[PDB]
Amino acid sequence: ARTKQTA
Amino acid sequence: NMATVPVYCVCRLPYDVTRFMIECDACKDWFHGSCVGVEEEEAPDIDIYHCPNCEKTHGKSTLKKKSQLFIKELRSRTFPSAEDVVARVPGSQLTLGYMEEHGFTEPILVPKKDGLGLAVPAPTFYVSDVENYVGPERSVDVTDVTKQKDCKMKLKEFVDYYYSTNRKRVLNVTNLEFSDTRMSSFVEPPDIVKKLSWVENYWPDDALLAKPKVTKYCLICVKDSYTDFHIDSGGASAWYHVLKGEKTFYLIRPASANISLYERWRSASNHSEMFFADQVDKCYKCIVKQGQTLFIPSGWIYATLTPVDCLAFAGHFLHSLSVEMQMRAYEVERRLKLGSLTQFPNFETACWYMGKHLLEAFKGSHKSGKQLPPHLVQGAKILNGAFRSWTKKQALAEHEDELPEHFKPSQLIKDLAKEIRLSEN
Ligand SMILES: [Zn+2]
Ligand SMILES: [Zn+2]
């Protein structure tokens with residue numbers, strides 16, 4: 001699905 | 001000292017950029033990789049993700065899936081800093097009088113939105129929100145940066161690419177005009193833009209032709225994306241505001257030699273393999289950071305580099321300060337006969353409406369006993385010459401479709417020439 005990466 | 005902001009996940013916490021999150025497909029809510037026990041390395045294998053509350057009734061997660069040189073060449077070349085030419089002006093001091101004094105001949109950078117009159121969403125506004133308001137099913141123009149080709153696709157299909165990992169493609173959305181969507185109510189152009197805009201000032205409310213849909217562009221640029229050198233359609237001046245991230249602008253002044261080089265370069269079929277900045281004398285490197293607004297004058301050849309994921313809002317407009325340049329860039333665009341995806345709709349129709357206003361200004365000048373400014377009179381001569389070329393008996397067929405209703409070009413042209421002749425004395 002849709003994911004939000006890190007930083 | 002507090003405020004109200006959106007939250008996500010079961011923990012009901014605001015978005016934290018340092019934590020991995022995955023969106024449940026059922027409830028469309030984002031959940032931390034820690035809260036729901038889904039590690040970041042596990043994310044690619046998940047096709048459909050359902051959060052545990054949704055998994056009870058909507059079914060278990062379908063965890064069964066079953067160029068660089070052009071950027072390097074851009075960063076290799078040394079460019080003068082934009083501080084030399086690009087002026088920094090506070091929004092409160094960027095008025096119509098300031099434009100008249102300086103003539104809007106070089107780009108303006110406004111570090112803070114304060115005073116601009118600009119209306120944009122808060123930085124807690126994400127690409128997921130853009131999909132909801134613009135519309136998940138809306139077809140949008142996506143640019144394959146590596147291949148330098150444009151392809152239409154569903155917005156939900158692109159935003160699926162945006163919210164993924166290991167993006168094998170460099171896709172950008174730089175042509176998304178949302179003035180016809182729910183998001184149109186969230187973005188309003190700066191007050192300086194509305195005052196200068198020809199369509200904002202001189203386009204009738206009863207006009208049967210739709211206004212140029214160039215006012216509320218939205219840009220979603222991925223990390224390490226590239227937009228090649230170009231001139232905005234019709235020499236339209238542009239304003240760019242970076243909501244999130246940052247974007248680097250490479251600005252070239254529309255000198256006579258530079259514009260000729262651009263047209264010869266842009267017309268060449270291999271223009272995607274020729275770095276245009278190496279053909280010009282001075283190309284300025286402007287870094288527009290988060291929350292900053294960049295105003296680009298008419299005819300400037302500019303290219304943008306996006307180092308990080310960036311959300312920006314842009315808009316094109318036409319003003320009386322660069323009538324000559326706007327026509328010249330339109331002539332270059334007309335001769336190129338490039339794709340009409342980035343075009344300026346009804347550019348000639350706006351010119352016809354401007355010419356009608358100039359005739360009324362000439363009539364008012366006789367009544368008010370005051371001389372019109374020389375740049376308007378010169379602009380009237382430029383527009384009048386364009387009117388004759390557009391309505392010439394040999395070339396009327398092309399430009400007739402952009403002729404406003406109940407318009408007599410012969411009467412308008414003859415009246416302008418006489419009034420211009422009077423004002424020259
Ligand atoms: Zn959480
Ligand atoms: Zn859910």
# chains A, B, ... in the order shown; residues from 1 in each chain; ligands from 1
$ select_by_dssp --residues "region 229-283 of chain B" --states "strand (DSSP E)" --output "PyMOL selection string"
chain B and resi 229-230+237-244+247-252
$ interface_residues --of "chain B" --to "chain A" --cutoff "9 Å" --atoms "only C-alpha atoms" --output "ChimeraX atom specification"
/B:16-25,30,40,43-49,159-165
$ residues_near_ligand --ligand "ligand 1" --cutoff "8 Å" --atoms "only C-alpha atoms and all ligand atoms" --output "ChimeraX atom specification"
/B:8-13,21,31-36
$ residues_near_ligand --ligand "ligand 2" --cutoff "8 Å" --atoms "only C-alpha atoms and all ligand atoms" --output "list in words"
residues 23, 24, 25, 26, 27, 28, 29, 50, 51, 52, 53, 54 and 55 of chain B
$ residues_around --residues "residue 401 (chain B)" --least-positions-apart "6" --cutoff "10 Å" --atoms "only C-alpha atoms" --output "ChimeraX atom specification"
/B:209,346,348-349
$ write_last_selection --atoms "N, CA and C atoms" --output "compact mmCIF listing (two decimals), in the first residue's frame"
# COMPACT_ATOMS: atom_id res chain seq x y z
N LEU B 209 -16.05 33.10 -23.55
CA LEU B 209 -14.86 32.26 -23.54
C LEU B 209 -14.35 32.08 -22.12
N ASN B 346 -6.32 30.90 -24.60
CA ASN B 346 -6.95 32.17 -24.97
C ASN B 346 -6.04 33.36 -24.69
N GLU B 348 -4.54 35.23 -26.97
CA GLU B 348 -4.93 36.31 -27.86
C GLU B 348 -6.21 36.98 -27.38
N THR B 349 -7.14 36.20 -26.82
CA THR B 349 -8.39 36.77 -26.33
C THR B 349 -8.14 37.77 -25.20
$ atom_distance --atom1 "CA of residue 380 (chain B)" --atom2 "CA of residue 355 (chain B)"
6.8 Å
$ atom_distance --atom1 "CA of residue 144 (chain B)" --atom2 "CA of residue 254 (chain B)"
27.3 Å
$ closest_residue --among "B:393, B:223, B:88, B:316" --to "residue 193 (chain B)" --atoms "only C-alpha atoms"
B:316
$ atom_distance --atom1 "CA of residue 407 (chain B)" --atom2 "CA of residue 391 (chain B)"
11.6 Å
$ residues_around --residues "region 127-139 of chain B" --least-positions-apart "5" --cutoff "9 Å" --atoms "only C-alpha atoms" --output "JSON list (two decimals) with N, CA, C and O atoms, in the first residue's frame"
[["chain", "number", "residue", "atom", "x", "y", "z"],
["B", 152, "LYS", "N", -0.50, 10.93, -19.42],
["B", 152, "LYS", "CA", -1.67, 11.16, -18.59],
["B", 152, "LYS", "C", -2.01, 9.90, -17.80],
["B", 152, "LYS", "O", -1.92, 8.79, -18.31],
["B", 153, "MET", "N", -2.38, 10.10, -16.53],
["B", 153, "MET", "CA", -2.71, 8.99, -15.65],
["B", 153, "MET", "C", -3.60, 9.50, -14.53],
["B", 153, "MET", "O", -3.68, 10.70, -14.28],
["B", 154, "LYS", "N", -4.26, 8.56, -13.85],
["B", 154, "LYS", "CA", -5.08, 8.89, -12.70],
["B", 154, "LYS", "C", -4.22, 9.52, -11.61],
["B", 154, "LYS", "O", -3.07, 9.12, -11.40],
["B", 155, "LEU", "N", -4.78, 10.51, -10.91],
["B", 155, "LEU", "CA", -4.05, 11.13, -9.81],
["B", 155, "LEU", "C", -3.79, 10.12, -8.70],
["B", 155, "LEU", "O", -2.71, 10.12, -8.10],
["B", 156, "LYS", "N", -4.76, 9.25, -8.41],
["B", 156, "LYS", "CA", -4.53, 8.21, -7.41],
["B", 156, "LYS", "C", -3.42, 7.27, -7.85],
["B", 156, "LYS", "O", -2.70, 6.72, -7.00],
["B", 157, "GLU", "N", -3.25, 7.07, -9.16],
["B", 157, "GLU", "CA", -2.17, 6.22, -9.64],
["B", 157, "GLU", "C", -0.81, 6.87, -9.41],
["B", 157, "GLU", "O", 0.16, 6.19, -9.08],
["B", 159, "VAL", "N", -0.17, 9.37, -7.06],
["B", 159, "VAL", "CA", 0.04, 9.49, -5.63],
["B", 159, "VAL", "C", 0.35, 8.13, -5.01],
["B", 159, "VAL", "O", 0.99, 8.07, -3.95],
["B", 162, "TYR", "N", 3.95, 8.18, -5.51],
["B", 162, "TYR", "CA", 4.59, 9.10, -4.58],
["B", 162, "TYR", "C", 4.77, 8.47, -3.21],
["B", 162, "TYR", "O", 5.84, 8.58, -2.60],
["B", 163, "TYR", "N", 3.74, 7.80, -2.70],
["B", 163, "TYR", "CA", 3.80, 7.16, -1.39],
["B", 163, "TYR", "C", 4.25, 5.71, -1.49],
["B", 163, "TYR", "O", 3.60, 4.79, -0.99],
["B", 178, "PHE", "N", -5.77, 23.29, -10.53],
["B", 178, "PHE", "CA", -6.87, 22.83, -9.70],
["B", 178, "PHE", "C", -7.91, 23.90, -9.44],
["B", 178, "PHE", "O", -8.69, 23.78, -8.48],
["B", 180, "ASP", "N", -10.57, 24.27, -10.80],
["B", 180, "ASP", "CA", -11.88, 23.65, -10.96],
["B", 180, "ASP", "C", -12.13, 22.54, -9.93],
["B", 180, "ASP", "O", -13.06, 21.74, -10.11],
["B", 181, "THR", "N", -11.33, 22.48, -8.88],
["B", 181, "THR", "CA", -11.46, 21.45, -7.86],
["B", 181, "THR", "C", -11.79, 22.08, -6.51],
["B", 181, "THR", "O", -11.84, 23.30, -6.36],
["B", 182, "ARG", "N", -12.02, 21.22, -5.52],
["B", 182, "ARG", "CA", -12.28, 21.70, -4.16],
["B", 182, "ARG", "C", -11.08, 22.41, -3.58],
["B", 182, "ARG", "O", -11.23, 23.27, -2.70],
["B", 183, "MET", "N", -9.87, 22.07, -4.04],
["B", 183, "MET", "CA", -8.66, 22.70, -3.55],
["B", 183, "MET", "C", -8.50, 24.13, -4.05],
["B", 183, "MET", "O", -7.62, 24.84, -3.56],
["B", 184, "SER", "N", -9.32, 24.55, -5.02],
["B", 184, "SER", "CA", -9.24, 25.92, -5.50],
["B", 184, "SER", "C", -9.52, 26.92, -4.39],
["B", 184, "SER", "O", -8.96, 28.02, -4.39],
["B", 220, "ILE", "N", 3.96, 18.86, -7.62],
["B", 220, "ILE", "CA", 4.45, 17.81, -6.73],
["B", 220, "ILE", "C", 5.70, 17.25, -7.39],
["B", 220, "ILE", "O", 5.61, 16.47, -8.35],
["B", 311, "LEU", "N", 6.47, 20.36, -2.51],
["B", 311, "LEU", "CA", 5.11, 20.72, -2.88],
["B", 311, "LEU", "C", 5.06, 22.23, -3.10],
["B", 311, "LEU", "O", 5.38, 23.00, -2.19]]
$ residues_around --residues "residue 404 (chain B)" --least-positions-apart "6" --cutoff "12 Å" --atoms "only C-alpha atoms" --output "list in words"
residues 203, 204, 206, 207, 208, 209, 210, 211, 346, 347, 348, 349, 350, 351, 352, 353, 354, 355 and 356 of chain B
$ residues_around --residues "residue 310 (chain B)" --least-positions-apart "2" --cutoff "12 Å" --atoms "only C-alpha atoms" --output "VMD selection string"
chain B and resid 123 125 to 127 162 172 to 174 218 to 226 240 to 248 288 to 291 304 to 308 312 to 313
$ write_last_selection --atoms "N, CA and C atoms" --output "short mmCIF file (atom, residue, chain, number, x, y, z; two decimals), in the first residue's frame"
data_model
loop_
_atom_site.label_atom_id
_atom_site.label_comp_id
_atom_site.auth_asym_id
_atom_site.auth_seq_id
_atom_site.Cartn_x
_atom_site.Cartn_y
_atom_site.Cartn_z
N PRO B 123 1.83 24.27 6.37
CA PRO B 123 2.81 23.21 6.05
C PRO B 123 2.35 21.82 6.44
N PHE B 125 0.13 20.17 5.27
CA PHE B 125 -0.69 19.83 4.11
C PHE B 125 0.14 18.92 3.22
N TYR B 126 -0.35 17.71 2.99
CA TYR B 126 0.45 16.67 2.36
C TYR B 126 -0.16 16.27 1.03
N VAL B 127 0.63 15.52 0.25
CA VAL B 127 0.19 15.07 -1.07
C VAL B 127 -1.05 14.19 -0.96
N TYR B 162 3.95 8.18 -5.51
CA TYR B 162 4.59 9.10 -4.58
C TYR B 162 4.77 8.47 -3.21
N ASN B 172 7.06 13.50 -12.10
CA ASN B 172 6.70 14.79 -11.55
C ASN B 172 5.32 15.20 -12.05
N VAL B 173 4.61 15.96 -11.22
CA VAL B 173 3.36 16.59 -11.60
C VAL B 173 3.60 18.09 -11.49
N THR B 174 3.84 18.73 -12.64
CA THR B 174 4.04 20.17 -12.69
C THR B 174 2.94 20.90 -13.45
N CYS B 218 -0.55 23.50 -9.34
CA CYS B 218 0.02 22.77 -8.21
C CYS B 218 1.15 21.87 -8.70
N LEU B 219 2.26 21.87 -7.97
CA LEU B 219 3.44 21.11 -8.35
C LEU B 219 3.81 20.13 -7.25
N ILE B 220 3.96 18.86 -7.62
CA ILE B 220 4.45 17.81 -6.73
C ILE B 220 5.70 17.25 -7.39
N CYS B 221 6.86 17.64 -6.89
CA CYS B 221 8.14 17.24 -7.47
C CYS B 221 8.85 16.28 -6.53
N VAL B 222 9.28 15.14 -7.07
CA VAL B 222 9.95 14.11 -6.28
C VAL B 222 11.41 14.48 -6.07
N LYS B 223 12.08 13.77 -5.17
CA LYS B 223 13.50 14.01 -4.93
C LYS B 223 14.31 13.69 -6.18
N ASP B 224 15.32 14.53 -6.44
CA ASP B 224 16.22 14.36 -7.59
C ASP B 224 15.45 14.37 -8.91
N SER B 225 14.50 15.29 -9.03
CA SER B 225 13.79 15.51 -10.28
C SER B 225 14.30 16.78 -10.96
N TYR B 226 14.02 16.88 -12.25
CA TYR B 226 14.61 17.92 -13.09
C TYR B 226 13.58 18.43 -14.08
N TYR B 240 5.99 31.36 -8.07
CA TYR B 240 6.14 30.04 -7.48
C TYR B 240 6.28 30.18 -5.97
N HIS B 241 5.50 29.40 -5.23
CA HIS B 241 5.58 29.37 -3.77
C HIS B 241 5.82 27.94 -3.33
N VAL B 242 6.87 27.72 -2.54
CA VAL B 242 7.25 26.39 -2.08
C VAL B 242 6.56 26.15 -0.73
N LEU B 243 5.56 25.27 -0.72
CA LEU B 243 4.91 24.94 0.55
C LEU B 243 5.78 24.04 1.41
N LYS B 244 6.39 23.02 0.81
CA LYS B 244 7.24 22.10 1.54
C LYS B 244 8.48 21.80 0.70
N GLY B 245 9.59 21.52 1.39
CA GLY B 245 10.84 21.25 0.71
C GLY B 245 11.48 22.52 0.16
N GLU B 246 12.18 22.36 -0.96
CA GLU B 246 12.79 23.49 -1.64
C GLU B 246 13.00 23.13 -3.10
N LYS B 247 13.27 24.15 -3.91
CA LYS B 247 13.46 23.98 -5.34
C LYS B 247 14.45 25.03 -5.83
N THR B 248 15.39 24.61 -6.67
CA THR B 248 16.43 25.49 -7.18
C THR B 248 16.08 25.94 -8.60
N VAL B 288 15.00 28.64 -3.93
CA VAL B 288 13.75 29.06 -3.31
C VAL B 288 13.42 28.03 -2.24
N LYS B 289 13.47 28.44 -0.98
CA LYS B 289 13.31 27.53 0.13
C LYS B 289 11.84 27.44 0.55
N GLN B 290 11.60 26.64 1.59
CA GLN B 290 10.24 26.43 2.09
C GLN B 290 9.64 27.74 2.57
N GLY B 291 8.42 28.03 2.12
CA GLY B 291 7.72 29.24 2.50
C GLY B 291 8.12 30.48 1.72
N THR B 304 14.23 24.25 -13.27
CA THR B 304 14.13 23.98 -11.84
C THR B 304 14.74 22.63 -11.50
N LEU B 305 15.52 22.61 -10.42
CA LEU B 305 16.05 21.39 -9.83
C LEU B 305 15.41 21.19 -8.47
N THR B 306 14.97 19.96 -8.20
CA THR B 306 14.27 19.64 -6.95
C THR B 306 15.11 18.66 -6.14
N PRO B 307 15.82 19.12 -5.10
CA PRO B 307 16.70 18.21 -4.35
C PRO B 307 15.96 17.29 -3.40
N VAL B 308 14.81 17.73 -2.89
CA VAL B 308 14.00 16.95 -1.96
C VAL B 308 12.55 17.00 -2.43
N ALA B 312 4.65 22.65 -4.29
CA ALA B 312 4.66 24.06 -4.64
C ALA B 312 3.37 24.43 -5.37
N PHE B 313 2.99 25.70 -5.25
CA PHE B 313 1.85 26.27 -5.95
C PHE B 313 2.36 27.39 -6.85
#
$ select_by_dssp --residues "region 160-396 of chain B" --states "helix (DSSP H, G or I)" --output "VMD selection string"
chain B and resid 160 to 162 182 to 186 191 to 196 198 to 202 233 to 235 256 to 267 271 to 273 276 to 279 320 to 336 347 to 368 374 to 390 396
$ closest_residue --among "B:100, B:309, B:281, B:41" --to "residue 80 (chain B)" --atoms "only C-alpha atoms"
B:281
